[PDB]
Structures are given as structure tokens and as C-alpha cells.
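Throughout, protein chains are lettered first and strands after them, A, B, ... in sequence-line order, and every chain is numbered starting at 1. Below, all heavy atoms of this structure are taken into account, side chains as well, without hydrogens, waters or symmetry copies.
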Amino acid sequence: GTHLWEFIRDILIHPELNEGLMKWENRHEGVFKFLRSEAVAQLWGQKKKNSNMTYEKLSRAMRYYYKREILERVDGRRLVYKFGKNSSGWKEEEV
DNA sequence: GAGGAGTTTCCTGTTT
DNA sequence: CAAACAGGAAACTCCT
């Protein structure tokens with residue numbers, strides 16, 4: 001999973017390797033939240049070998065996922081996103 | 001090389 | 001006030 005969204009999912013489905021980076025707000029609906037935004041952006045930059053990655057830019061790539069329905073926009077909830085019908089491998093019976 | 005997907009950068013404005 | 005959220009645009013990195 002070299003794509004941003006897969007990277008996010010991978011962290012969320014591996015809590016035993018999660019430095020309190022993120023957590024499910026509702027695992028059944030695929031609603032999640034960033035607990036350490038810059039820290040996650042850092043790891044993501046790291047993965048692509050880019051020490052200048054920030055949450056700001058990571059979020060821009062996240063917003064591009066709405067049109068593609070890889071993510072469903074969640075309003076009124078800072079740092080809270082939600083997996084869309086086009087994403088996969090995150091359900092309690094899909095992993 | 002050409003052209004597209006998926007970001008990465010930048011920026012300006014709005015909202016929380 | 002300090003972060004997030006919003007998108008349009010343009011530049012980049014792979015892939016076929």
C-alpha cells in the first residue's frame with residue numbers, strides 16, 4: 001500500500017504498532033481521527049522520503065479523495081475523516 | 001518521449 | 001491567536 005489512504009488504514013489496523021498516532025471514532029462506520037497530525041505527516045513524508053511533509057499538505061491529498069469516494073467528508077469534526085465506498089481492507093471482517 | 005494517476009507545493013480565504 | 005478546512009493551479013514522480 002504505497003498510497004496515502006492505504007498508509008492511513010495500515011496504521012489504524014495495527015494498533016500494536018501505533019504510537020498513539022490515530023484511532024477509530026467508529027470502527028464500524030470507518031470514522032477515524034488523527035491524534036498526532038504532524039507526527040503522522042512525518043511518517044508519511046518518511047515513507048516517501050520527504051522530510052518536508054506536513055499535515056497541511058497531507059490533508060490536501062486527503063481532500064482529493066472525496067471526489068474519488070475513497071473518503072467521505074465529515075463536517076464539524078477537526079481531524080476526523082471517514083473511509084468511503086471505494087476504499088477497502090478496514091472492516092472488522094474485511095481484514 | 002507522451003499522457004495519466006496520485007500526489008506534492010503553493011497560496012489565499014474562511015472557519016473553528 | 002494558533003490550527004484546520006477549502007480548493008484551484010501547477011510541478012513532480014512513477015507507470016505503461
Quiz item: Is the count of non-hydrogen atoms from other residues, nucleotides or ligands lying under 6.0 Å from A:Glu93 atom CD greater than 12?
Solution: no

Would you please confirm or rule out a distance under 4.0 Å between OP1 or OP2 of [N] and any side-chain N or O of [X]?
| X | N | value |
| --- | --- | --- |
| A:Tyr66 | C:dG7 | no |
| A:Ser37 | C:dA4 | yes |
| A:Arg73 | C:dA6 | yes |

Self-check item: Pairs where residues 33-52 of chain A contributes a residue and the test side-chain hydrogen bond (donor to acceptor under 3.5 Å, both in side chains) is met, not counting sequence neighbours
Solution: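 Checked against side-chain hydrogen bond (donor to acceptor under 3.5 Å, both in side chains) - neighbours excluded - the pairs reaching residues 33-52 of chain A are A:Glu25-A:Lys33.
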
Quiz prompt | Residues which pass side chain to side chain contact (heavy atoms under 4.5 Å, CB included) with A:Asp10, listed by chain and number, not counting sequence neighbours | solution = A:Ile13

Self-check item: Between C:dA3 (P) and A:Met62 (CE): distance, integer Å
Solution: 20 Å

Quiz item: Reading nucleotides 7-16 of chain B from the 5' end, what letters show protein touch, with B for base, S for backbone sugar-phosphate only, - for no heavy atom under 4.0 Å?
Solution: BBB------B

Quiz item: Is the backbone N or O of A:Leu71 less than 3.5 Å from a side-chain atom of A:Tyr81, with the two atoms forming a donor-acceptor pair by type?
Solution: no

Practice problem: Just call it for A:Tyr81: base, sugar-phosphate, or nothing, with non-hydrogen atoms closer than 4.0 Å on any strand. | Solution: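 Sugar-phosphate contact only.
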
Exercise. Decide whether A:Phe7 and A:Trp24 are clustered together by the hydrophobic rule: side chain heavy atoms of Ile, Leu, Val, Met, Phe, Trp, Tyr closer than 4.5 Å, transitively.
Key: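 Yes, it is one cluster - the side chains of A:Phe7 and A:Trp24 are joined through contacts under 4.5 Å.
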
Quiz prompt | Test: A:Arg63 cationic atom under 6.0 Å from A:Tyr66 six-membered ring centre, within 45° of axis | solution =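 Verdict for A:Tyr66: no cation-pi partner in A:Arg63.
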
